[PDB]
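Peer 1: Enclosed are the sequence and the experimentally obtained structure.
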Amino acid sequence: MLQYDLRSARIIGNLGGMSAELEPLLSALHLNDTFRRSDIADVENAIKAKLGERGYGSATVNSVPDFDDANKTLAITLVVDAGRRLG
């Protein structure tokens, strides 16, 4: 029943050098429209898959909101940690 719109999104943290390859994945999110959990999960999975491809197989992603209850918006920050390559 969450009817806030997603106002913005960003990726931060430890991106294993792949910041430029991750950033375009955010273009899948529907900004200024109703928030959709599954759109955020899809981005989180894509991030981890891109990072997997360079050897960061234990990468984590945690999506953190910033709510504006006045405007009925939230910003999402995807906090990435690439982890160790292999060992």
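Peer 2: Thanks, I have the structure now. Numbering: from 1, shown residues only.
Peer 1: Kindly provide the distance from residue 5 to residue 33.
Peer 2: Counting by CB to CB, to the nearest Å, the gap from residue 5 to residue 33 is 6 Å. C-beta here means a position set from N, CA and C on the backbone, and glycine is covered the same way.
Peer 1: These two: who's more crowded?
Peer 2: Each of residue 5 and residue 33 has its neighbours counted (other CB atoms under 10 Å); residue 5 has more, 16 against 11.
Peer 1: Does that one touch residue 34 like I think?
Peer 2: Yes: taking CB atoms under 8 Å as the contact criterion, residue 5 and residue 34 are neighbours in contact, 5.8 Å apart.
Peer 1: Checking the nearest residue to residue 82 once chain neighbours are set aside next. Helix, strand or coil?
Peer 2: If you skip the residues right next to it in sequence, residue 82 has residue 16 as its closest partner in space, 3.4 Å away by CB to CB, 6 or more residues apart in numbering. Per DSSP: H, G, I helix; E, B strand; the rest coil, the local secondary structure of residue 16 is coil.
Peer 1: Next, the contact list for residue 16, please.
Peer 2: For residue 16, the set of contacting residues under the criterion of CB atoms under 8 Å, 6 or more residues apart in numbering consists of 51, 54, 56, 59, 82, 85.
Peer 1: quick one: which of those is nearest to residue 44?
Peer 2: Sorting the contacts of residue 16 by how near they are to residue 44, with CB to CB, puts residue 59 at the top with 9.9 Å.
Peer 1: What about that closest one, how many residues nearby?
Peer 2: Counted with other CB under 10 Å, the burial measure for residue 59 works out to 24 neighbours.
Peer 1: Next: residue 68.
Peer 2: The criterion is other CB under 10 Å. On that basis, residue 68 has 13 neighbouring residues.
Peer 1: Excluding chain neighbours, give the residue nearest to it in space.
Peer 2: Excluding its sequence neighbours, the residue lying closest to residue 68 (CB to CB, 6+ apart) is residue 74, at 6.9 Å.
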